[PDB]
$ cat entry_28.pdb   # PDB, C-alpha atoms (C1' of nucleotides)
ATOM      1  CA  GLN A  28      56.379  -1.202  52.384
ATOM      2  CA  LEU A  29      56.730   2.536  51.352
ATOM      3  CA  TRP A  30      60.121   3.448  52.979
ATOM      4  CA  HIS A  31      61.352   0.258  51.195
ATOM      5  CA  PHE A  32      59.948   1.584  47.858
ATOM      6  CA  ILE A  33      61.588   5.015  48.494
ATOM      7  CA  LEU A  34      64.996   3.289  49.068
ATOM      8  CA  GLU A  35      64.385   0.972  46.027
ATOM      9  CA  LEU A  36      64.131   4.218  43.917
ATOM     10  CA  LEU A  37      66.948   6.054  45.773
ATOM     11  CA  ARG A  38      69.647   3.364  45.013
ATOM     12  CA  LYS A  39      68.973   3.654  41.198
ATOM     13  CA  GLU A  40      70.382   6.543  39.058
ATOM     14  CA  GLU A  41      67.507   6.217  36.479
ATOM     15  CA  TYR A  42      65.236   8.085  39.045
ATOM     16  CA  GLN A  43      67.585  10.989  40.117
ATOM     17  CA  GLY A  44      65.294  13.281  38.009
ATOM     18  CA  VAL A  45      62.448  12.237  40.415
ATOM     19  CA  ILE A  46      64.142  11.604  43.850
ATOM     20  CA  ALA A  47      67.806  11.769  45.101
ATOM     21  CA  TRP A  48      70.019  12.141  48.255
ATOM     22  CA  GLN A  49      70.876  15.776  49.256
ATOM     23  CA  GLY A  50      72.327  17.684  52.279
ATOM     24  CA  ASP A  51      73.175  15.504  55.362
ATOM     25  CA  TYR A  52      73.678  11.681  55.762
ATOM     26  CA  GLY A  53      70.164  10.158  55.262
ATOM     27  CA  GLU A  54      68.560  13.369  53.838
ATOM     28  CA  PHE A  55      66.656  13.002  50.488
ATOM     29  CA  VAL A  56      64.535  15.400  48.340
ATOM     30  CA  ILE A  57      61.579  14.524  46.051
ATOM     31  CA  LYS A  58      62.164  16.599  42.847
ATOM     32  CA  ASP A  59      58.781  15.499  41.239
ATOM     33  CA  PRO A  60      56.126  14.871  43.977
ATOM     34  CA  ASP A  61      53.275  13.958  41.543
ATOM     35  CA  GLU A  62      55.384  11.418  39.524
ATOM     36  CA  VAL A  63      56.672   9.555  42.681
ATOM     37  CA  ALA A  64      53.042   9.194  43.921
ATOM     38  CA  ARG A  65      52.052   7.881  40.418
ATOM     39  CA  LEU A  66      54.805   5.159  40.697
ATOM     40  CA  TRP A  67      53.874   4.139  44.298
ATOM     41  CA  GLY A  68      50.215   4.155  43.046
ATOM     42  CA  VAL A  69      51.314   1.917  40.122
ATOM     43  CA  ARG A  70      53.195  -0.466  42.524
ATOM     44  CA  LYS A  71      50.251  -0.583  45.062
ATOM     45  CA  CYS A  72      47.769  -0.844  42.072
ATOM     46  CA  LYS A  73      46.076   2.267  43.608
ATOM     47  CA  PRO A  74      45.483   4.585  40.618
ATOM     48  CA  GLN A  75      44.027   7.449  42.799
ATOM     49  CA  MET A  76      47.364   7.987  44.690
ATOM     50  CA  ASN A  77      48.894  11.535  44.962
ATOM     51  CA  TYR A  78      51.575  13.301  47.110
ATOM     52  CA  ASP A  79      48.864  14.441  49.681
ATOM     53  CA  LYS A  80      48.003  10.781  50.487
ATOM     54  CA  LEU A  81      51.688   9.599  50.211
ATOM     55  CA  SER A  82      52.914  12.497  52.454
ATOM     56  CA  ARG A  83      50.377  11.434  55.170
ATOM     57  CA  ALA A  84      51.839   7.871  54.957
ATOM     58  CA  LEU A  85      55.324   9.421  55.560
ATOM     59  CA  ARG A  86      54.171  11.475  58.633
ATOM     60  CA  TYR A  87      52.942   8.176  60.280
ATOM     61  CA  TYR A  88      56.677   7.138  60.131
ATOM     62  CA  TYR A  89      57.600  10.127  62.456
ATOM     63  CA  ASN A  90      56.117   8.333  65.543
ATOM     64  CA  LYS A  91      57.678   5.023  64.247
ATOM     65  CA  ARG A  92      61.206   6.696  64.047
ATOM     66  CA  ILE A  93      61.932   5.523  60.403
ATOM     67  CA  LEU A  94      61.657   9.107  58.997
ATOM     68  CA  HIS A  95      61.319  12.767  60.018
ATOM     69  CA  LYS A  96      61.062  16.182  58.226
ATOM     70  CA  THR A  97      64.088  18.472  57.638
ATOM     71  CA  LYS A  98      62.273  21.757  58.544
ATOM     72  CA  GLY A  99      62.524  24.766  56.147
ATOM     73  CA  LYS A 100      63.540  22.559  53.154
ATOM     74  CA  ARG A 101      60.743  21.572  50.671
ATOM     75  CA  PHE A 102      60.023  17.822  50.078
ATOM     76  CA  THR A 103      63.064  17.003  52.270
ATOM     77  CA  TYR A 104      62.762  14.098  54.777
ATOM     78  CA  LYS A 105      65.603  12.222  56.571
ATOM     79  CA  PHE A 106      65.993   8.580  57.780
ATOM     80  CA  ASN A 107      66.636   7.699  61.500
ATOM     81  CA  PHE A 108      69.910   5.657  61.223
ATOM     82  CA  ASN A 109      70.699   5.867  64.999
TER      83      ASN A 109
ATOM     84  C1'  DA B   1      53.280  22.941  52.130
ATOM     85  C1'  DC B   2      52.927  20.567  56.167
ATOM     86  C1'  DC B   3      50.412  18.727  60.144
ATOM     87  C1'  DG B   4      47.583  15.226  62.551
ATOM     88  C1'  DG B   5      43.014  13.486  63.808
ATOM     89  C1'  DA B   6      39.526  10.179  62.325
ATOM     90  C1'  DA B   7      37.356   6.390  59.940
ATOM     91  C1'  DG B   8      37.950   2.701  56.483
ATOM     92  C1'  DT B   9      40.450  -1.429  54.037
ATOM     93  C1'  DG B  10      41.878  -6.300  53.498
TER      94       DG B  10
ATOM     95  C1'  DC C   1      48.949  -3.874  61.092
ATOM     96  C1'  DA C   2      50.477  -0.464  57.010
ATOM     97  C1'  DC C   3      48.701   1.897  54.954
ATOM     98  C1'  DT C   4      44.412   4.926  52.003
ATOM     99  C1'  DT C   5      41.062   8.289  52.102
ATOM    100  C1'  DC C   6      39.430  12.667  53.618
ATOM    101  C1'  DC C   7      39.757  17.109  55.483
ATOM    102  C1'  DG C   8      39.927  20.895  58.793
ATOM    103  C1'  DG C   9      43.406  22.812  60.709
ATOM    104  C1'  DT C  10      48.695  25.970  60.903
TER     105       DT C  10
END
$ encode --input "entry_28.pdb" --output "structure tokens"
Amino acid sequence: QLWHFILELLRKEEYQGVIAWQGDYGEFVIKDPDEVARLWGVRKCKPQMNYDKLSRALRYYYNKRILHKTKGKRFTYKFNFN
DNA sequence: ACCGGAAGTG
DNA sequence: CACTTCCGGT
């Protein structure tokens, strides 16, 4: 799953240059959109992956209450731990 | 950047 | 299903 993959990355320091926790409890910011996508596209063997396609995937999680967007902030989503 | 509909995949 | 692909919107 993607939200899995995100968390997989987010509990490893060796990717803080790419993606890390910021602001509130469950908030996280993608520092390098294009790189992340490349890695997810490596993992899913989909070479033609990019943030546009990944970001759509994320928005589908809004209805499913796993994620939502922190408005105003760039590349900043937040998990639904409630 | 960020959204969400729409059609396709295995 | 859980995305990927595409694209015309805000």
$ interface_residues --input "entry_28.pdb" --of "chain A" --to "chain C" --cutoff "12 Å" --atoms "only C-alpha atoms (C1' of nucleotides)" --output "ChimeraX atom specification"
/A:28-30,68,71-77,79-88,91
$ residues_around --input "entry_28.pdb" --residues "residue A:93" --least-positions-apart "2" --cutoff "9 Å" --atoms "only C-alpha atoms (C1' of nucleotides)" --output "PyMOL selection string"
chain A and resi 30+88-91+95+105-108
$ closest_atom_pairs --input "entry_28.pdb" --of "chain B" --to "chain A" --cutoff "10 Å" --atoms "all atoms listed in the file" --output "JSON lines"
{"residue": "B:1", "atom": "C1'", "partner": "A:101", "partner_atom": "CA", "distance": 7.7}
{"residue": "B:2", "atom": "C1'", "partner": "A:82", "partner_atom": "CA", "distance": 8.9}
{"residue": "B:3", "atom": "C1'", "partner": "A:86", "partner_atom": "CA", "distance": 8.3}
{"residue": "B:4", "atom": "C1'", "partner": "A:86", "partner_atom": "CA", "distance": 8.5}
$ residues_around --input "entry_28.pdb" --residues "residue A:33" --least-positions-apart "5" --cutoff "12 Å" --atoms "all atoms listed in the file" --output "list in words"
residues 28, 38, 39, 42, 43, 45, 46, 47, 48, 55, 56, 57, 63, 64, 66, 67, 70, 81, 85, 93, 94, 104, 105 and 106 of chain A
$ atom_distance --input "entry_28.pdb" --atom1 "atom CA of residue A:60" --atom2 "atom CA of residue A:78"
5.7 Å
$ atom_distance --input "entry_28.pdb" --atom1 "atom CA of residue A:92" --atom2 "atom CA of residue A:109"
9.6 Å
$ atom_distance --input "entry_28.pdb" --atom1 "atom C1' of residue B:8" --atom2 "atom CA of residue A:62"
25.8 Å
$ build_atoms --input "entry_28.pdb" --residues "stretch 60-85 of chain A" --atoms "N, CA, C and O atoms" --output "JSON list (two decimals), in the frame of the given file"
[["chain", "number", "residue", "atom", "x", "y", "z"],
["A", 60, "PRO", "N", 57.12, 15.48, 43.09],
["A", 60, "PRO", "CA", 56.13, 14.87, 43.98],
["A", 60, "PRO", "C", 55.04, 14.03, 43.29],
["A", 60, "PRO", "O", 54.76, 12.94, 43.75],
["A", 61, "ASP", "N", 54.46, 14.55, 42.21],
["A", 61, "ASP", "CA", 53.28, 13.96, 41.54],
["A", 61, "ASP", "C", 53.67, 12.64, 40.86],
["A", 61, "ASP", "O", 52.89, 11.68, 40.96],
["A", 62, "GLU", "N", 54.83, 12.62, 40.20],
["A", 62, "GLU", "CA", 55.38, 11.42, 39.52],
["A", 62, "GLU", "C", 55.58, 10.30, 40.55],
["A", 62, "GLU", "O", 55.01, 9.21, 40.34],
["A", 63, "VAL", "N", 56.38, 10.55, 41.60],
["A", 63, "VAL", "CA", 56.67, 9.56, 42.68],
["A", 63, "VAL", "C", 55.36, 8.86, 43.03],
["A", 63, "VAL", "O", 55.26, 7.63, 42.82],
["A", 64, "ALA", "N", 54.39, 9.64, 43.51],
["A", 64, "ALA", "CA", 53.04, 9.19, 43.92],
["A", 64, "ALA", "C", 52.46, 8.27, 42.85],
["A", 64, "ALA", "O", 51.96, 7.18, 43.21],
["A", 65, "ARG", "N", 52.55, 8.67, 41.58],
["A", 65, "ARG", "CA", 52.05, 7.88, 40.42],
["A", 65, "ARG", "C", 52.69, 6.49, 40.44],
["A", 65, "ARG", "O", 51.95, 5.50, 40.22],
["A", 66, "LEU", "N", 54.00, 6.42, 40.70],
["A", 66, "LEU", "CA", 54.80, 5.16, 40.70],
["A", 66, "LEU", "C", 54.41, 4.27, 41.88],
["A", 66, "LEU", "O", 54.17, 3.06, 41.67],
["A", 67, "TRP", "N", 54.36, 4.84, 43.08],
["A", 67, "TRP", "CA", 53.87, 4.14, 44.30],
["A", 67, "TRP", "C", 52.45, 3.63, 44.05],
["A", 67, "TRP", "O", 52.16, 2.49, 44.44],
["A", 68, "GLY", "N", 51.62, 4.46, 43.40],
["A", 68, "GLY", "CA", 50.22, 4.16, 43.05],
["A", 68, "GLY", "C", 50.11, 3.10, 41.95],
["A", 68, "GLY", "O", 49.10, 2.38, 41.91],
["A", 69, "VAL", "N", 51.12, 3.04, 41.08],
["A", 69, "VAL", "CA", 51.31, 1.92, 40.12],
["A", 69, "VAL", "C", 51.64, 0.66, 40.94],
["A", 69, "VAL", "O", 50.91, -0.32, 40.80],
["A", 70, "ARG", "N", 52.68, 0.72, 41.78],
["A", 70, "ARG", "CA", 53.20, -0.47, 42.52],
["A", 70, "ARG", "C", 52.08, -1.02, 43.42],
["A", 70, "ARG", "O", 51.90, -2.25, 43.41],
["A", 71, "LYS", "N", 51.34, -0.16, 44.13],
["A", 71, "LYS", "CA", 50.25, -0.58, 45.06],
["A", 71, "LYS", "C", 48.92, -0.71, 44.31],
["A", 71, "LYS", "O", 47.88, -0.86, 44.98],
["A", 72, "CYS", "N", 48.94, -0.65, 42.97],
["A", 72, "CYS", "CA", 47.77, -0.84, 42.07],
["A", 72, "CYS", "C", 46.65, 0.14, 42.44],
["A", 72, "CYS", "O", 45.49, -0.13, 42.08],
["A", 73, "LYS", "N", 47.01, 1.22, 43.13],
["A", 73, "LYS", "CA", 46.08, 2.27, 43.61],
["A", 73, "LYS", "C", 46.22, 3.45, 42.65],
["A", 73, "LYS", "O", 47.16, 4.23, 42.75],
["A", 74, "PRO", "N", 45.31, 3.59, 41.67],
["A", 74, "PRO", "CA", 45.48, 4.58, 40.62],
["A", 74, "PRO", "C", 45.27, 6.01, 41.14],
["A", 74, "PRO", "O", 45.84, 6.92, 40.57],
["A", 75, "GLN", "N", 44.50, 6.15, 42.24],
["A", 75, "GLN", "CA", 44.03, 7.45, 42.80],
["A", 75, "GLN", "C", 45.03, 8.00, 43.83],
["A", 75, "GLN", "O", 44.63, 8.87, 44.63],
["A", 76, "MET", "N", 46.27, 7.54, 43.79],
["A", 76, "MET", "CA", 47.36, 7.99, 44.69],
["A", 76, "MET", "C", 47.83, 9.38, 44.25],
["A", 76, "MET", "O", 47.72, 9.70, 43.05],
["A", 77, "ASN", "N", 48.28, 10.20, 45.21],
["A", 77, "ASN", "CA", 48.89, 11.54, 44.96],
["A", 77, "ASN", "C", 49.71, 11.93, 46.20],
["A", 77, "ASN", "O", 49.50, 11.32, 47.26],
["A", 78, "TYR", "N", 50.58, 12.93, 46.07],
["A", 78, "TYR", "CA", 51.58, 13.30, 47.11],
["A", 78, "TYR", "C", 50.86, 13.53, 48.45],
["A", 78, "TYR", "O", 51.43, 13.09, 49.48],
["A", 79, "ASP", "N", 49.67, 14.15, 48.45],
["A", 79, "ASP", "CA", 48.86, 14.44, 49.68],
["A", 79, "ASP", "C", 48.72, 13.16, 50.51],
["A", 79, "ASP", "O", 49.02, 13.18, 51.72],
["A", 80, "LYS", "N", 48.25, 12.10, 49.86],
["A", 80, "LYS", "CA", 48.00, 10.78, 50.49],
["A", 80, "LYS", "C", 49.35, 10.16, 50.89],
["A", 80, "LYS", "O", 49.47, 9.71, 52.04],
["A", 81, "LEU", "N", 50.33, 10.16, 49.97],
["A", 81, "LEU", "CA", 51.69, 9.60, 50.21],
["A", 81, "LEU", "C", 52.32, 10.31, 51.41],
["A", 81, "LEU", "O", 52.82, 9.62, 52.32],
["A", 82, "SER", "N", 52.30, 11.64, 51.40],
["A", 82, "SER", "CA", 52.91, 12.50, 52.45],
["A", 82, "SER", "C", 52.34, 12.12, 53.82],
["A", 82, "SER", "O", 53.13, 12.05, 54.78],
["A", 83, "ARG", "N", 51.03, 11.88, 53.91],
["A", 83, "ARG", "CA", 50.38, 11.43, 55.17],
["A", 83, "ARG", "C", 51.06, 10.14, 55.61],
["A", 83, "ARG", "O", 51.51, 10.08, 56.77],
["A", 84, "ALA", "N", 51.17, 9.17, 54.70],
["A", 84, "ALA", "CA", 51.84, 7.87, 54.96],
["A", 84, "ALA", "C", 53.18, 8.14, 55.64],
["A", 84, "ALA", "O", 53.45, 7.54, 56.71],
["A", 85, "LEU", "N", 53.97, 9.06, 55.07],
["A", 85, "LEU", "CA", 55.32, 9.42, 55.56],
["A", 85, "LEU", "C", 55.24, 9.92, 57.01],
["A", 85, "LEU", "O", 56.01, 9.43, 57.84]]
